[PDB]
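Residue numbers (the deposited numbering), protein chains in the order written: chain G, 520 to 545, 569 to 661; chain B, 520 to 545, 569 to 661; chain F, 520 to 545, 569 to 661; chain L, 1 to 105; chain H, 1 to 52, 52A, 53 to 82, 82A to 82C, 83 to 100, 100A to 100O, 101 to 113; chain E, 33 to 58, 65 to 138, 150 to 187, 189 to 309, 312 to 323, 323A, 324 to 359, 361 to 399, 410 to 505; chain C, 33 to 58, 65 to 138, 150 to 187, 189 to 309, 312 to 323, 323A, 324 to 359, 361 to 399, 410 to 505; chain A, 33 to 58, 65 to 138, 150 to 187, 189 to 309, 312 to 323, 323A, 324 to 359, 361 to 399, 410 to 505.
The structure appears right after this line, and notes come after that.
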Ligand SMILES: *[C@@H]1O[C@H](CO)[C@@H](O[C@@H]2O[C@H](CO)[C@@H](O[C@@H]3O[C@H](CO[C@H]4O[C@H](CO)[C@@H](O)[C@H](O)[C@@H]4O)[C@@H](O)[C@H](O)[C@@H]3O)[C@H](O)[C@H]2NC(C)=O)[C@H](O)[C@H]1NC(C)=O
Ligand SMILES: *[C@@H]1O[C@H](CO)[C@@H](O[C@@H]2O[C@H](CO)[C@@H](O[C@@H]3O[C@H](CO)[C@@H](O)[C@H](O)[C@@H]3O)[C@H](O)[C@H]2NC(C)=O)[C@H](O)[C@H]1NC(C)=O
Ligand SMILES: *[C@@H]1O[C@H](CO)[C@@H](O[C@@H]2O[C@H](CO)[C@@H](O)[C@H](O)[C@H]2NC(C)=O)[C@H](O)[C@H]1NC(C)=O
C-alpha cells in the first residue's frame, strides 16, 4: 500500500501492514543535517531500547502477562477491533499510559528470574 | 583468522567465521571524526533494523517461510555451497535483493499475525 | 527502589533491580551537547551489540554452553550469590573477560550452525 | 625664542695650562647640546656628541659635562693645537640657536 | 670622510635675488636632513633653514621667513637655496651642513621629525655680500 | 479475561517540533543551492483516508525555522566577499546635469584609497537621494547608513533570484499536507496526505503584495488568526494572477575601482540618455475586477458592509512601500494607485502607472546592525512577475458605521512565508502502541 | 561443574573521563546560559548503601573541562563585541582638578576617529594610572598592553553575573557525590550518593580568596595534595562565612563617542564631587576568631609550632592583590590587613580597612593574546560577599622548629574551581557482567 | 523444496565513498595533527587469499578528499596569524651595494605604521626581485600579488615539517591494500590485504618531482591512465632513491618591527658575509643510471624507439621549476640541468649543480590570491631529501617519428598524493546476505 497509508483504517486491518511503518523509521545545512540525522537515530533508539527490555525484541506483535483493567478503558474489544481507529485509540488513552510500561518491565524481569530458577 | 579473513573461503567454510565481522561493526579533524562516527552508527542500524523486523533479531543464521524462486538462480545447492565464494554470489542476487526483503518481511508479518490469532 | 541503588547490596538482591538500571541507559554548549549525545548513543550500542551477538538479545539474564574455568576463579558458588558484591567481583574478571566473550561468540556460532543443520 | 650665553669671551692660555669654557641655557634643554670648534678660515667641526659623550674622530683628551641649564666644556689644554674659537650650540629647540663664540689662544 | 662642497656665491645688489648650490657625495643623500647656516663677522653662527629628505615641509628662521627658499634634488645629490629680497645685514659666509643621524625610525608626519639632530659635516662655505 | 499487549510499527502520530533541512537541486546563489542536499527525484506522496487533521498555520513552528534559515543563508552569502568600510567619507555633491526627477539623483565626489595604502585617489559617482543625508544641514553629504552599521557590498557573483527549495524532515517524523478544497487558515482538514518533503517554495522577499506565490483553486480565500481583531494581518490569496511589470528608463553604465589589495568596488559612472524614474504597470480592468472580488469576499465575512481601501498608514519607505528583488535592484515604491477605491453592494491598453524610486543601501531584515550595498546593474533592467496575494490590515475603527477601512501593510516579514506554508504541519511518529488482546504470555 | 552466564543492567562502574554539558535554570549573561539545556526541577539523587570507593579531588578531568569551558565562553562572548583597536593613540594626561588620591587618577586628552573616515575629533577622559604607562618621560602617555595585544571593549549589555550552572553527564555515565562529613580530600569516601547533575556551581572568579563558595559541614576542612610539600597550594574551607563589602565612592559619569561606523565607545567622564579610592570592610572580631580557628586546624596536621602568616611576596599586581567582580568593575585590593597575625599553640569600630585600586585594561585569564577594557559603571556601586575559603602556600625549606610560615596567593584559576568540585567524580556505567551459574542452555 | 535464509555478518564488500580522518602519532604543527586521534602501534591488518579486486587509482575519491583536507588545514592554519594588509605601500628599492646573485636581492625602504596609529615609522628591509614588480615603469616599486589579494604572514611558531598522517576509515568500512609485485595504476590485484588504516603517508608538498615518497620493490613502475594519450600525466616510481642536497649560503639575520597593536612583522635585517646563490647538488652517475633505467622501462610502451628529455614547456615560474619546503623556505630550482640528454636502444663525483631562487610571497595551491608571506629563516639552512618519483609528461606532434620528447610538468597538486595512495581503496561491507538451503522455520 504505502508508508503510513493505514493510519485511518480499522485497528484490526491496520495491524496487517505494520512492517511498512516500522521499516521506514530510518555550511549551515551540513550541521543542520547532522543534527537531524542524530535526532532521527535517537528517536528510533528511544523506542527500540524500550521495546527490547520488555522481552518482545524483534517481534511486531507480543503478548504480555500484565492483565488489562476496566479502569483504564471499559470499551469492548468488538468496537475496538471492528471500527475504532488507532489515532482515536491513542487520543483516548493519552495519559496514565506510562505506568503500563513499568508494569510490563517488572513482570518481564520477574518472569526472567522465575525462568532462570526453573532451569 | 582475523576480521574479514574468510572472504575468499568456501561458502560452507565462510559461515563459521561470521562472528569475526559482526563484532567489528563498531578542529577540522574533530568534526570529520564526529561525522564518521555518526555515519558508522547509522550504517550499523541500517542493517540492524532489517535483521530485527524479520524476526531474526540476535541470530546470525535465520530461516524464513519464503520459498526459493528458480528465476533468481537456477544453480543447484551443491554448486552454491561447495563451489563458490560469497563475493561471487552478491553480484547475482543484487538484482532481486529488495524483492526478497519485501517477501521476507511480508511473510514474517503474516506468520506473526496468524500465530497471534491462533493463541 | 532507585537507579543504581543496589550497587553495594548483596549479589542476589542486585539481580532483581536490573530492569530499572537498563532503562536509564538512554554555540559551545550546543556542540558539546551533540558530542555527548552521540557518545551516549555509541556507549549504549557498544553493549547492545555484544548482548545481541551472543544469542541472548532482549534477555536480561542468559546462560550459554561455555563451561566455567577454575583458573578464572576458585571461590565457592554459595559465597558468590550470598556473600559477594558486583563491585569487588568485577575487578578479578577484568583480566579474562575478553577471552570469555570470545568463547561465547564461538559457542553461539557453532550452536546456531548445528541447530540450522538439524533441519 | 631661546638663546645661549657663553663665558668667558676670551682668555689667554699656553701648552699645559688649565682652562675651561662653559655656557648657560635660559630654558631647560636637559642634555641636548653639542660643542663645535672652528679655526680661522676653516669650516666648523663637531667636538662633543652629547653633554656627557665624545664625538667620534676627536682625541680622548677632550671631554665635557653639564646637565639641565649649565654645561661646562672640560679642556685640560695639554695639546698644543686646537687653539681656535669654541662654540656652544643648543639642539632640541626651534631656532637651534648657537652661542656667542669664545676664542682661546 | 664625507665630501660636501658648495658654490654659486657672488656679488649682489640689495633687494635683488641670488641662488646657491651645495653638492654632496660619498653617502646616501636621500636619507639625511640638510641645513643652512650663516657666519657673520663678530656675531656667532645663526641657523636659517632646514629641509627634510622628501623636500617638503621646509623650515626657516624668523629673520629670513618668507624671503629665502630651500630645495634639494635627490636624483642629482645636490642641495640649493634661493635668496630673495636680500638686504645689507644678510652678508655672511653661508655654510652647507648635514645632520648626523638619518631619518630612519619613528616619526609623526615627516620621516625626519621627532628626532633631535646636530650638524656633523660642514662644507667649505661661500661668501655672499651686497653693497651700493 | 483480557491481557495487555503491545504493537510495534503502529500508524499514529503526535504534534511536535523538530529541525528541518533544505532540499534543493544541484555556490552562485544566495540561498546556497549547491551547499544544500540534493532534492529527492520522486517524493512519494501517500494519500490518506478516514482521517481528519486539525491544522493551524498561525501556530506552527516550521515558519520560524524558515525565517531563521533565510536570515542565516543571507548572512552566509554576504560575509565571504568584499566589505565597504572606508566608504564613510565626507561626500561633496551637487545637482546633476538634469537631462530631462531633479532631486532623484545626485552627482557626488569624494576621496578614496587606492590599492596603495600611501596613495589617495578621487572618484566621481552618482548616488540616489534616498541613499544620502546631509552631514551638517549647511554642500557636504554623508551616506544614509553610516552611524549604525558597517556597509558591506553585495557579492557580484551571486544572484538574488528566488530559486525554489524543498523542506524535509528527518527520519521518524512526517509532514502532513492538507489538500481540502478552499481550506482556510484554521480548521479541520478532511483531505490530508502524508509527504516526506514539502513542495518547491520560492523565498520571495516582497512586501504588501505577494509575488510569484501560490494560487487558489476556485475562490478567493482569506486567512486570519482573528478576523475580528484589527491588529492581525489579513492575508488574502487570489485565484487568478495579476500581471505586473517594472522598468527603469536609465541606461546606467557601471564603473569599477579597486580599494586596498583586492575588494573590487562598483558604482554608477554615467547615465546615457534622458534621466527618468522607475515605474510599474498593472492592468486596469484586471486589477479592478480582482479588487472587487476581494471586497465581495470581505463583505461576506463582515456582512452587508461597503469595503473601502486607503493608501496605507504612513511612515518609513521600507514599511509603507512595495519592495522588489528581481533584476538585482531593490525597488521601493508607492502603492496608492491600487488601494484607492470604494465599493458597495450594488457593485484593452489601459494600465496604472506607479512611480518608483531606487535604493541601494538596505536593511531588509529590519536589523540596525547590518547593511548591504547593492551594486548597480549595467544597462537597462526589465522585470515581470505575477501578483497572487495581498497583505491587508484593517484599521482600528471603533464605531460599527457602514464602511470599513483596510490598509496594506505587513509590519514584519514573518507573515510573508505563512501564506505558502499554510498546508504543512510537522508531526512525530509513535510506532509503539498498547491495546488489550485475549492472548496471554506463556512460559 | 558450572557454566558461564551473562547479566544485563549490572551495577558496576569504572573511572573514566567524558565530555560534560551544562544545564541551568529558566542574551545577557557572559556564560551564555541560554545555550544550556533546561535543568530538571529536582534530580533523583539515589543514596548508595555499603558503597566505598577511592576519591581524588586533585586528579580529575572535570576541573580541566570546566576551566576550558569558562575560557571558551569568555572568548565566545568577546568575539561579536566591538573592537577597540584605534584607541592606541598618544595621551596627554594632567592632574585631576578635583581635590582629595589624586595621584591614582589622571585627566587625559587625545584625538579620536569619528564615524567618518576623513574626520577626527577631540575627547577628554579620565584614566587610571594603573593602565597607563609613560612613553618617553617628557607628558605623553600610552595605555598599557598596547604593544602586546589588541584591546577589546566589553559589551555594555552583557553582564558578568556569577549565575550558577549545573554540570551533567550523558546517558550511560553517572556522577558519584561524596556527601560524607569531614571529607578532607583524597582517600576513601563513604555515604556516597549518585546524582545525574551536579548542584549550582558558582563561576565567580577571584584570587587568594573564595567568595560565594560552599561552606563546610561542621569542622574546618583543609585540603592539599601534599601538605608536607612546600610547592603545593593549600585550600581551606571555613564553616562560618565572613561578610565582606566594597564600595566605589567616585560618582563616575558615562559618555559615549561614535568610535566607528556604527559602533560606540564608552569612557569615564568628569567625577561629581571629591574623589576617594575604593576600599573594603571586614569585621575584626569574626576575622580574628576565624583566623584563630584556621590556625588551630593548620597546626593540627603540622607540628606544635607557631603559625605566623604574612602578606604576599610580591611580583605582578594580579598575583599579589585580590580580585572582585562587583557589577562591572574589577577591583585589586591589598591583603596586608588580613594575613598579618601569628598564632602560638594557645591564644576602631571592629572594622579593618582594605585599600583598593580600579583597573580597566585587564587580563582576566593571564593571557597576553588579548585584553579587556571594562566600561565604567555610572553612579556608585556597592557589593557584598561571603568569605568561604582562602588559598595558602607555605615557603622556605629549612626545618624551623620554632615557627612555620604561610603566605596567601594562588597560581591559576583552575585551583579556584577545585573547591566546588571536591565532592564529584565522573564514572562510566557498564551493564555487562559475567558470573557462573548452574544453567544449561537448551537445544 | 528449497527455502531462502538470511546470513548476518557475511564477508562481502562494495565500492563506496566515505569521510576519512587523521590518525597521526602523538598543537603547533601546520597540519595540526596533534588535534586528531592518536595512532595504533599495532594496526589491524589481515591478509587474504584467492581474492581478486579491480583497482583504479585514477578514479578513487581518496586523493580528491585528501586535497580538500590539506587545503582546509592550510587555510585554518594561516587564519589566526597576523594579516599583512597595511604593508602594501610604495617601496623605494636600490641595489644590494654589491657586497660580493648580487642582482636578485634588492634593498628597499618604505613608510610603515606602528603601535600608535598616530605615529608612523620608516624601516628598511631586503627583498627578492621575484617578489617585487615596478609600478612607475621607470626607482620605486611595489610588491607582487599585492594588487590582487591581501598578504598573510605565516606564524613563525608553526613548523612546515611534513610529518606522516594516517588516514583511517570509520566503522563498517574497510580499506583494501594491494601488495602485488609490479602493480601499476590500474588492473586487478591478486595479492590483496585488508587493513583498517593507511601506512605512514607523508603530505609532502612538491612539484615536477617527488621527495620523501614511497619506492618500488623490484623494478621501475610506470603509471598512467592512458599511456597513448599525451595529455595524461606519466607518474614513474623509482626502485632506489636518488639523494639530493641543498644549501642557502645567505646568512640571514631576522629583525622585527611592531606594526599595529601587539602583532609584529618579520623581515630580513642584514646578510652576514658575501651574497651567494642558493643551489642544490645531485650525483651525475646515480641520476644518469636512473634515467637510463627509466628510459629502458618506458621504451616498452612505445616500441624500440629513442627517448629524449627536454627542459620543461616554459611559462610561469611556479609551473616550470621545482618547489621545496625545507625549513619553511621555498626554493625554485632550475630543472633544466637534469632533463637534458638523449637515449638510444644500444645505450669521481661530478655532481650536477642546480641554480635555485627563493620567493617569500607564495600561493602553493595556485589559487587566485590568498598568498602567504613566508618569514625569513635566520642563519644558514641546509636540506637533504630523497628523489623517488618523476612527473613526466608526454609531448609529441605527428607521433610517427623515431624519437619522443618528455618534459617534466603535470602542474597538478593531486598527482603528488596519487603516487602514494595507489595501493588503497575504500569499500563498504554488507553483512546482510541471503542464500538458499533446505530448512523451514517453526510455527
Ligand atoms: C615616506 O613618506 C614621506 C612623506 O610623505 C615621503 O616623502 C615624499 O616623497 C614623495 C616622493 O618623492 C614626494 O612627492 C612627490 O615628489 C616629486 C617631486 O620631487 C621632485 O622635486 C623635489 C624637489 O622639489 C626633488 O627632491 C625630487 O628629486 C624631484 O625632482 C613628484 O613626483 C611629485 O610632485 C610629488 O611631490 C613628497 O614631496 C615627499 N613628501 C615630503 C613631505 O617631503 C617618502 O617618499 C616616503 N617614502 C620613504 C621611503 O621615505
Ligand atoms: C596496468 O596493467 C594492466 C593489466 O594488468 C593494463 O590493462 C590493460 O590495458 C590494455 C590497454 O592499455 C588493454 O588492452 C586493450 O584491451 C581490449 C581487448 O583487447 C581492447 O580495448 C584493446 O584492443 C586493447 O588490447 C588490456 O585489456 C588491459 N588488461 C586488463 C587485464 O585489464 C594497464 O593498461 C596497465 N597500465 C599501465 C599504465 O601500464
Ligand atoms: C479577537 O479579537 C477581539 C478584539 O477585536 C477580542 O476581544 C473581543 O472583541 C469582541 C468584539 O466584538 C468583544 O465583543 C469581546 O468582548 C472581546 N473579548 C474580550 C475578552 O475582551 C476577541 O476575544 C478575540 N477572539 C475572538 C475568538 O473573537
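We put the beta carbon where it would ideally sit given N, CA and C, even for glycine.
Other residues of its chain near residue 63(L): CB distance less than 7 Å, five sequence neighbours each side excluded: Along the fourth chain, read from residue 1 onward, the residue named residue 63(L) stands at position 63. Cβ within range, chain order: 54, 74.
Close Cβ partners of residue 169(C) (< 8 Å) along its chain, the five nearest in sequence each way excluded: Counting from one through the seventh chain, the residue named residue 169(C) turns up at place 120. So the qualifying residues of the chain are 160, 161, 162, 163.
Chain-ordered residues, beta carbon under 7 Å from a heavy atom of ligand 3: 276(E), 278(E), 279(E), 280(E)
Where residue 175(E) meets chain A, residues with beta-carbon distance less than 9 Å: Here residue 175(E) refers to the residue found at position 126 of the sixth chain. Those do not exist, as residue 175(E) stays about 27 Å from chain A at its closest Cβ, beyond 9 Å.
Continuous beta strand (DSSP E) stretch holding residue 203(A): start and end: Within the eighth chain, residue 203(A) is the residue found at index 153, counting from 1. Unbroken beta strand (DSSP E) run through residue 203(A): 201-203.
Per DSSP, the bridge partner or partners of residue 304(E): Translated into the one-based positions of the sixth chain, residue 304(E) becomes position 254. In the DSSP output, where bridge partners are listed per residue, residue 304(E) has 320(E).
Cβ-Cβ distance between residue 29(L) and residue 100(L) below 8 Å: Indexing the fourth chain from 1 puts residue 29(L) at position 29. Indexing the fourth chain from 1 puts residue 100(L) at position 100. Cβ distance not < 8 Å, so residue 29(L) and residue 100(L) don't count as in contact.
Test item: CB-CB of residue 602(B) and residue 537(B) under 8 Å: Within the second chain, residue 602(B) is the residue found at index 60, counting from 1. Within the second chain, residue 537(B) is the residue found at index 18, counting from 1. Closer than 8 Å, so yes.
Helix, strand or coil at residue 338(C) [DSSP, three-state]: Counting from one through the seventh chain, the residue named residue 338(C) turns up at place 287. Reduced to three states, the DSSP call for residue 338(C) is helix.
Residue 236(A) Cβ short of 7 Å to ligand 2 heavy atom set: Position 186 of the eighth chain holds residue 236(A). Yes - ligand 2 has a heavy atom lying nearer than 7 Å to the Cβ of residue 236(A).
Limits of the alpha helix (DSSP H) - the one that residue 530(B) falls within: One-based indexing of the second chain puts residue 530(B) at position 11. 530-533 is the extent of the alpha helix (DSSP H) around residue 530(B).
Inter-residue spacing [alpha-carbon to alpha-carbon] between residue 321(A) and residue 570(G): If you number the eighth chain from 1, residue 321(A) lands on position 269. If you number the first chain from 1, residue 570(G) lands on position 28. Taking the straight line from one Cα to the other gives about 46 Å.
Contact list for residue 118(C) against chain F, beta-carbon separation under 7 Å: Residue mapping note: residue 118(C) aligns to position 80 of the seventh chain, counting from 1. Correct list: empty, because the minimum Cβ distance to chain F is about 11 Å.
Neighbouring residues, chain A, relative to residue 313(E) (Cβ below 9 Å): Along the sixth chain, read from residue 1 onward, the residue named residue 313(E) stands at position 261. The answer, in chain order, is 123, 126, 195, 196, 197, 198, 199, 200, 201, 431.
Any chain A beta carbon closer than 8 Å to residue 166(E): Here residue 166(E) corresponds to residue number 117 of the sixth chain, with the count starting at 1. By this cut-off, residue 166(E) is an interface position.
Neighbour list for residue 308(A) in chain H, Cβ cutoff strictly below 7 Å: Numbered from its first residue, the eighth chain carries residue 308(A) at position 258. Under the 7 Å cutoff, chain H gives no residues; its nearest Cβ is about 11 Å from residue 308(A).
Any C-beta of chain A under 8 Å from that of residue 54(H): Indexing the fifth chain from 1 puts residue 54(H) at position 55. Taking Cβ atoms only, chain A never reaches closer than 8 Å to residue 54(H), which makes this a no.
Which of helix, strand or coil DSSP assigns to residue 594(B): Locating residue 594(B) in the second chain gives position 52, where the first residue counts as 1. Of the three classes helix, strand and coil, the one that applies to residue 594(B) here is helix, per DSSP.
Cβ-Cβ distance between residue 287(C) and residue 271(C) below 8 Å: In the seventh chain, counting from the first residue as 1, residue 287(C) sits at position 237. In the seventh chain, counting from the first residue as 1, residue 271(C) sits at position 221. Result yes, Cβ atoms of residue 287(C) and residue 271(C) sit closer than 8 Å.
Validate contact between the segment 288-308 of chain C and the segment 447-454 of chain C using beta carbons, cut 8 Å, 3 pairs: yes
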